[PDB]
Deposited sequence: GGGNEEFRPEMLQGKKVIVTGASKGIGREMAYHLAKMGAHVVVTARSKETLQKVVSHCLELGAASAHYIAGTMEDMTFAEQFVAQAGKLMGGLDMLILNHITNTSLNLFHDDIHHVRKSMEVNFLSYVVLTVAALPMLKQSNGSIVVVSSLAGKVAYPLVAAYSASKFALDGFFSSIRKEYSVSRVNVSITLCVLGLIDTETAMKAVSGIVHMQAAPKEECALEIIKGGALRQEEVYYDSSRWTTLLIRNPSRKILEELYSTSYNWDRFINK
């Protein structure tokens, strides 16, 4: 049911687009002829991405460098991006703070930083974007992980942040349903992807290029969840039908 034309002329923010899945998403949106605003801390890598976007046939491509540790930057970023495109059709929240695979001892500053960059900054970006997304009847895409659905050692702070995104966005999705806010929320559950970050930090990784295209497709098709894993078995097990029943058994009782 997805057609690349669905993205032609669309106004899209992609966070964490200097590298990995983010950079790949920005390139796919460009090949489809969308207006893209990209961000990361690194100005020079961002520049290279923006020019390559214009080479692929993007309607427009821009960058705004900054840290998502700074909540005022998150706020002002959406404002300038919106100004550049004259509005916003899709918000792709994808960035993450640097983490290493390590046992948890006492790094409370690291738990805080992850919670700030990976979680609160997503909430702050959403609040800022919500008036524009309401106008266009837009979409919010939240890039999560299997580590944000299930428990693995070595990723406690990261898992906590990804789990937090599920609780927050999944609850606001129920609120938008009742409030009749026509803004879709897509949560992406990915397994290990072949990004240079992941490859160095860590089985069989899945291709970054297809992963990127799937995230966009899911968002465009207004899906609640998107699954992307190198295994058939893992994808079958990602789904939580009891959760759905539990959730739906409340709504079909009060609403």
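Residues of the deposited sequence lacking C-alpha coordinates fall in the stretches 1-5, 208-212, 266-272, numbered from 1.
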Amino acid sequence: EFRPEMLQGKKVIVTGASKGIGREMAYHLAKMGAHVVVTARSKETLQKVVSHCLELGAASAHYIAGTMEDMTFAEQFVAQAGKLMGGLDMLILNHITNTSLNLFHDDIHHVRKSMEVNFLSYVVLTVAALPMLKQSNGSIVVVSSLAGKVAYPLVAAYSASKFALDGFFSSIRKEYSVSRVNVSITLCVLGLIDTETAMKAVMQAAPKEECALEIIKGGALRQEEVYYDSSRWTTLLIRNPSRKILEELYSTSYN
From here on, numbers count along this sequence of modelled residues.
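Relative to its counterpart among 77-85 and 140-148, 77-85 has the higher mean temperature factor, C-alpha atoms as listed in the PDB entry. 215-223 and 54-62 differ in mean CA B-factor, and the higher of the two is recorded for 54-62.
Reading the B-factor column for the CA atoms of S184, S161, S171, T72 in the entry, the top value corresponds to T72. In the deposited coordinates, the residue among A198, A206, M203, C188 with the greatest CA B-factor is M203. When the CA B factors of the chain's modelled residues are split into thirds, the value for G9 lands in the highest one.
Annotation for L192: CA B-factor lies in the lowest third of the chain's modelled residues.
Among the modelled residues of the chain, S231 sits in the lowest third by CA temperature factor in this PDB entry.
Split the chain's modelled residues into thirds by C-alpha temperature factor. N240 is in the lowest one. Per the PDB record, residue ranking by Cα B-factor puts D106 in the highest third of the chain.
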